[PDB]
Amino acid sequence: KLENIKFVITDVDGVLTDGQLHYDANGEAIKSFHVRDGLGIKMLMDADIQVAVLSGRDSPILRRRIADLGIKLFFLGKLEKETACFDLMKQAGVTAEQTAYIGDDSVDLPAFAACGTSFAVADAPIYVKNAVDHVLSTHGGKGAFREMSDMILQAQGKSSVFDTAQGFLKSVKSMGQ
Amino acid sequence: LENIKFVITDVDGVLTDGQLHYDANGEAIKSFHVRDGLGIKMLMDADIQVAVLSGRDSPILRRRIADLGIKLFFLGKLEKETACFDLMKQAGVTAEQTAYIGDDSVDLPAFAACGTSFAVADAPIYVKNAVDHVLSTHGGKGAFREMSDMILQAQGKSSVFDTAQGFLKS
Amino acid sequence: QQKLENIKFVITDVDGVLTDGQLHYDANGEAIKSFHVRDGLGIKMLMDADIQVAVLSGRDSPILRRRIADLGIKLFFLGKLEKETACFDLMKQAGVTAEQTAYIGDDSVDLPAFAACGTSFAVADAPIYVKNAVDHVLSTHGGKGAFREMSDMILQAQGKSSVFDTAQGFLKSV
Amino acid sequence: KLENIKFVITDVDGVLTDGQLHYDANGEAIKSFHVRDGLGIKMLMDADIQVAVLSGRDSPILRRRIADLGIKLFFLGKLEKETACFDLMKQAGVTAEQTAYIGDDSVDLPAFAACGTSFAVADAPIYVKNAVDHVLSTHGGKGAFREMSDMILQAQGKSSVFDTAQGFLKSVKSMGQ
Ligand SMILES: [Co+2]
Ligand SMILES: [Co+2]
Ligand SMILES: [Co+2]
Ligand SMILES: [Co+2]
Ligand SMILES: [Hg+2]
Ligand SMILES: [Hg+2]
Ligand SMILES: [Hg+2]
Ligand SMILES: [Hg+2]
């Protein structure tokens, strides 16, 4: 099934971050994203795999990161993830069987069921790890998304875009974040 | 645990990893954990009241409390045992119905004041020896959540976090 | 151990000891410094046990000064890279001998401070050549309560562990 | 080989940092470096080994760090690192055989190839680790640069600047960051 993925939907907190919410007096003040995940996001888009974001918490900081990544499909501040999954797939033009999801907590359980393939980050709780198809070995916010994107691209015969200097230079124009 | 109706949590080293992020004006950022926030909401949904106890008051901590809908708290005081009793009275519960989670010496009187106590995984030996249950998770990395899952499970409500259908109700 | 019981002054490095060594920059320099709450309590415990505490940092910033004010630290030498003389100047301000002073560090800059002090501690993530030069290597990483591990050790050595290890023991100094 | 190093080029994110990009609503807001790396950088320069920074991103935060460190050689904003390497070498007046590089991701693969010696931080992926000469034991942003500088200096018989009080003091006038 990894070979047929055309869409990846990722949760944000605890997946693209280590779960920390850095607050100031006004709310989230800083969100910390991982550079290697950003590169994995860019590699998937470059392999014509779309990437969408689902997050129960909306912030202009998350929105900036999304814009920096060139992500156009996403639902922020929405608690019902199963429905958003189906709405995003329709917007992406793909089926659930062509989509993979990566999450870290209970809110993601319906998202795992709606998607054809699911991943849990390494520090997700056991009831989330037990629900997915693959448990990653990397903690959320430490490159788990990248671990998954490398996995998918490898399954699609595209490991050369990240595992040799040459494949890399041939996509570099689209690798920015 | 089945009879816990109120949970009081220290903030620094429990809801955070103990780091105090300063600028020239004092704390500038406080880092919480997303999975603990969900655990807090699960408890409240399960009619278990939640309070925060902290000897550091800051508008940052108050913004986090507001975002989580936490209704009870005592910010600014170093004498936690008294704060425990005053909070129990506000909550309408007895000590045997209240659990506390802490990480340091200042929490010792609070564990003793409460019926049940939890220590985070990186609490010092003397704090760990004083509690009923030592958590396996480090402060600021989901130790409150580890605690709340255990209380809800004990009360027969693990379905609110352990299955998709289970979760889909609330 | 013998020395620990006679400590009356503790001098601490800041980066890599009271912090995990990260320098959080914005375009103007350090923008945030991250300390540990359990260290703050170990510091107050030492002061309450009549053990003076000073900071010795080769970097000076309004952020670090704010942290020192909150902690109630009165003695500090900030902005001097050569720590050997600053250790001595600090002991003079404190009114203590090198033999009555302990230092906690993490890096080569601290080597002269360990030699100047009577007792020395290294954080768990200090490099081998720093761990090999101190009297006691801590098991806690810097920025994660390494100062507290040391203060609990000093207070324990002086028969004052009660101020941190029991509820009753504690309530007296709050 | 370590004995002949005269120039060290270092990637930034994931090497001098732990890889996190700390965002606010306007992009990166904080960059987090490590104090012992900064001392390693000064030790190198003091021991006649120049240091250069290479990053696919440019920011006034990174420039401030570079300025504080006394680093004069850098190439920022360039995503194609192999030619950046030769350009920095030419600025340094040193050859590739006398240059060492430290990186953490796919983008650095061409950089390892262009330098004479290469190092990967401990949390780099397998494909980056397999490509370098030496895999360090320290994670990026936690002193991996310092692990490398210490190794190079020790190889050159200059370990006394970091392993002795007397050696350090002889060079202190140059150890500020
Ligand atoms: Co999440
Ligand atoms: Co605490
Ligand atoms: Co230091
Ligand atoms: Co990098
Ligand atoms: Hg989905
Ligand atoms: Hg209590
Ligand atoms: Hg000293
Ligand atoms: Hg190079």
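Considering only the stretch D:118-146, how many residues are in contact (Cβ under 8 Å) with a residue 24 or more places away in the chain and either of a type in the set (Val, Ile, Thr) or part of a helix (DSSP H, G or I) (or both)?
Final tally of qualifying residues: 6.
Suppose the filter is under 22 Å from B:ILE40 (Cα atoms) and within 14 Å of chain D (Cβ to nearest Cβ); does A:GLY140 pass it?
Numbers: under 22 Å from B:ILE40 (Cα atoms): yes; within 14 Å of chain D (Cβ to nearest Cβ): yes.
Taking the combined requirement at face value, the residue satisfies it.
Go through the stretch A:147-159 residue by residue and tally those that are among the hydrophobic types (A, V, I, L, M, F, W, C) and either within 17 Å of D:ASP104 (Cα to Cα) or free of Cβ contacts under 8 Å to residues at least 12 places away in the same chain (or both). Don't jump to the end; show me each part of the working.
Applying the first criterion (among the hydrophobic types (A, V, I, L, M, F, W, C)) to the stretch A:147-159 yields A:148, A:151-153, A:155.
From what is left, the residues that are either within 17 Å of D:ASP104 (Cα to Cα) or free of Cβ contacts under 8 Å to residues at least 12 places away in the same chain (or both) are none.
Number of matching residues: 0.
If you scan the stretch D:87-108, which residues turn out to be outside any helix (DSSP H, G or I), within 14 Å of chain A (Cβ to nearest Cβ) and within 11 Å of ligand 8 (Cβ to nearest atom)? Give the derivation first.
We begin by selecting, within the stretch D:87-108, every residue outside any helix (DSSP H, G or I); these are D:93-95, D:99-105.
Still in the list and also within 14 Å of chain A (Cβ to nearest Cβ): D:101, D:103-105.
D:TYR101, D:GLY103 - these are the residues of the stretch D:87-108 that are outside any helix (DSSP H, G or I), within 14 Å of chain A (Cβ to nearest Cβ) and within 11 Å of ligand 8 (Cβ to nearest atom).
How many residues does the stretch C:114-126 hold that are within 14 Å of another protein chain (Cβ to nearest Cβ) and closer than 17 Å to C:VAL137 by Cα? Lay out the reasoning, then the answer.
Residues of the stretch C:114-126 that are within 14 Å of another protein chain (Cβ to nearest Cβ), as a first pass: C:114-117, C:120, C:122-126.
Imposing the further condition that a residue be closer than 17 Å to C:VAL137 by Cα reduces the set to C:114-115, C:117, C:120, C:122-126.
Result for the stretch C:114-126: 9.
In the list A:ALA84, A:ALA111, which residue meets the criterion of being assigned to a helix (DSSP H, G or I), more than 16 Å from ligand 7 (Cβ to nearest atom), more than 12 Å from chain B (Cβ to nearest Cβ) and not polar (S, T, N, Q)? Can you show your working first?
Working: A:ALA111 fails: more than 12 Å from chain B (Cβ to nearest Cβ).
Selected residue: A:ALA84, the only one of A:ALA84, A:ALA111 that is assigned to a helix (DSSP H, G or I), more than 16 Å from ligand 7 (Cβ to nearest atom), more than 12 Å from chain B (Cβ to nearest Cβ) and not polar (S, T, N, Q).
How many residues are within 20 Å of C:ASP20 (Cα to Cα) and either within 17 Å of the chain's Cα centre (by Cα) or among the acidic types (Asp, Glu) (or both) if we restrict to the stretch B:20-43?
Summing the residues that are within 20 Å of C:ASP20 (Cα to Cα) and either within 17 Å of the chain's Cα centre (by Cα) or among the acidic types (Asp, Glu) (or both) in the stretch B:20-43 gives 6.
A:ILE41: touching a strand residue (DSSP E or B) at 6+ places or on another chain (Cβ under 6 Å), within 16 Å of ligand 4 (Cβ to nearest atom) and either of a type outside the set (S, T, N, Q) or without any contact (Cβ under 8 Å) to a residue 60 or more places away in the chain (or both), yes or no?
Values: touching a strand residue (DSSP E or B) at 6+ places or on another chain (Cβ under 6 Å): yes; within 16 Å of ligand 4 (Cβ to nearest atom): yes; either of a type outside the set (S, T, N, Q) or without any contact (Cβ under 8 Å) to a residue 60 or more places away in the chain (or both): yes.
Considered against the rule, which asks whether it is touching a strand residue (DSSP E or B) at 6+ places or on another chain (Cβ under 6 Å), within 16 Å of ligand 4 (Cβ to nearest atom) and either of a type outside the set (S, T, N, Q) or without any contact (Cβ under 8 Å) to a residue 60 or more places away in the chain (or both), A:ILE41 comes out as yes.
Would you pick out the residues in the stretch D:149-170 that are within 20 Å of C:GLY21 (Cα to Cα) and touching a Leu at 6+ places or on another chain (Cβ under 6 Å)?
Once the filter is applied, which keeps residues that are within 20 Å of C:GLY21 (Cα to Cα) and touching a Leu at 6+ places or on another chain (Cβ under 6 Å), the stretch D:149-170 yields D:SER149, D:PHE168.
Count, please, the residues in the stretch C:99-139 that happen to be within 11 Å of C:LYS3 (Cβ to Cβ) and either of a type in the set (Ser, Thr, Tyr) or surrounded by fewer than 24 Cβ atoms within 10 Å (Cβ to Cβ) (or both).
Residues in the stretch C:99-139 being within 11 Å of C:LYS3 (Cβ to Cβ) and either of a type in the set (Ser, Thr, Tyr) or surrounded by fewer than 24 Cβ atoms within 10 Å (Cβ to Cβ) (or both): 8 in total.
Between residues in the stretch C:160-174 that are under 14 Å from B:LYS80 (Cβ atoms) and residues that are among the polar types (S, T, N, Q) and surrounded by 16 or more Cβ atoms within 10 Å (Cβ to Cβ), which pairs lie under 6 Å by C-beta distance while being six or more apart or on different chains?
Partner pairs satisfying both residue conditions: C:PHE170/B:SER105.
So which residues in the stretch B:18-32 are outside any strand (DSSP E or B) and surrounded by fewer than 22 Cβ atoms within 10 Å (Cβ to Cβ), if there are any at all? Break it down stepwise before answering.
Our first condition is that a residue be outside any strand (DSSP E or B); within the stretch B:18-32, this holds for B:18, B:24-25.
Residues satisfying the conditions are B:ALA24, B:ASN25.
Quick check on my filter: what residues within the stretch D:72-81 are away from every other protein chain (no Cβ under 13 Å) and under 13 Å from D:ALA114 (Cβ atoms)? Spell out the reasoning first.
Taking the stretch D:72-81 as the starting set, the residues that turn out to be away from every other protein chain (no Cβ under 13 Å) are D:72-76.
Of everything in the stretch D:72-81, just one residue is away from every other protein chain (no Cβ under 13 Å) and under 13 Å from D:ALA114 (Cβ atoms), namely D:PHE75.
Restricting attention to the stretch B:72-81, report how many residues are in contact with a helix residue (DSSP H, G or I) (Cβ under 7 Å, 6 or more places away or on another chain) and in a loop (DSSP other than H, G, I, E, B). Step through it out loud before you land on a result.
Of all residues in the stretch B:72-81, those in contact with a helix residue (DSSP H, G or I) (Cβ under 7 Å, 6 or more places away or on another chain) come to B:72-75, B:77-78, B:80-81.
Then drop every residue that is not in a loop (DSSP other than H, G, I, E, B), which leaves B:77-78.
Residues in the stretch B:72-81 being in contact with a helix residue (DSSP H, G or I) (Cβ under 7 Å, 6 or more places away or on another chain) and in a loop (DSSP other than H, G, I, E, B): 2 in total.
For the stretch B:1-16, name all the residues that are buried (at least 23 other Cβ atoms within 10 Å of the Cβ) and closer than 24 Å to A:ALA124 by Cβ.
Of everything in the stretch B:1-16, those that are buried (at least 23 other Cβ atoms within 10 Å of the Cβ) and closer than 24 Å to A:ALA124 by Cβ turn out to be B:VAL7, B:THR9, B:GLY13, B:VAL14, B:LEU15, B:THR16.
Would you check which residues across the stretch D:147-169 are part of a loop (DSSP other than H, G, I, E, B) and either touching a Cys at 6+ places or on another chain (Cβ under 6 Å) or of a type outside the set (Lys, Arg) (or both) and list them?
Narrowing the stretch D:147-169 to residues part of a loop (DSSP other than H, G, I, E, B): D:156-159, D:164.
Answer for the stretch D:147-169, where residues must be part of a loop (DSSP other than H, G, I, E, B) and either touching a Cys at 6+ places or on another chain (Cβ under 6 Å) or of a type outside the set (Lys, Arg) (or both): D:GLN156, D:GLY157, D:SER159, D:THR164.
I'd like the residue in the stretch C:33-71 that is assigned to a loop (DSSP other than H, G, I, E, B), over 14 Å from C:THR12 (Cβ atoms) and away from ligand 3 (no atom under 16 Å from the Cβ) and, out of all such residues, is nearest to the other protein chains (Cβ to nearest Cβ). Show your work before the answer.
Step one: of the stretch C:33-71, the residues assigned to a loop (DSSP other than H, G, I, E, B) are C:49-51, C:58-61.
Now drop any that are not over 14 Å from C:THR12 (Cβ atoms), which leaves C:49-50, C:60-61.
Among the residues that remain, those that are also away from ligand 3 (no atom under 16 Å from the Cβ) are: C:49-50.
On the way: C:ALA49: 13, C:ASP50: 18 Å.
If we take residues in the stretch C:33-71 being assigned to a loop (DSSP other than H, G, I, E, B), over 14 Å from C:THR12 (Cβ atoms) and away from ligand 3 (no atom under 16 Å from the Cβ), then C:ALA49 is nearest to the other protein chains (Cβ to nearest Cβ).
So, in the stretch D:154-169, how many residues would count as being at negative phi and more than 11 Å from chain C (Cβ to nearest Cβ)? Steps first, answer last, please.
Of all residues in the stretch D:154-169, those at negative phi come to D:154-156, D:158-169.
Applying the additional criterion that residues be more than 11 Å from chain C (Cβ to nearest Cβ) yields D:155-156, D:158.
Count: 3.
Computed from the coordinates by the stated procedures, all read-outs in this text should not be read as laboratory data. Backbone-built Cβ (ideal geometry, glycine too); neighbour counts: all protein chains shown.
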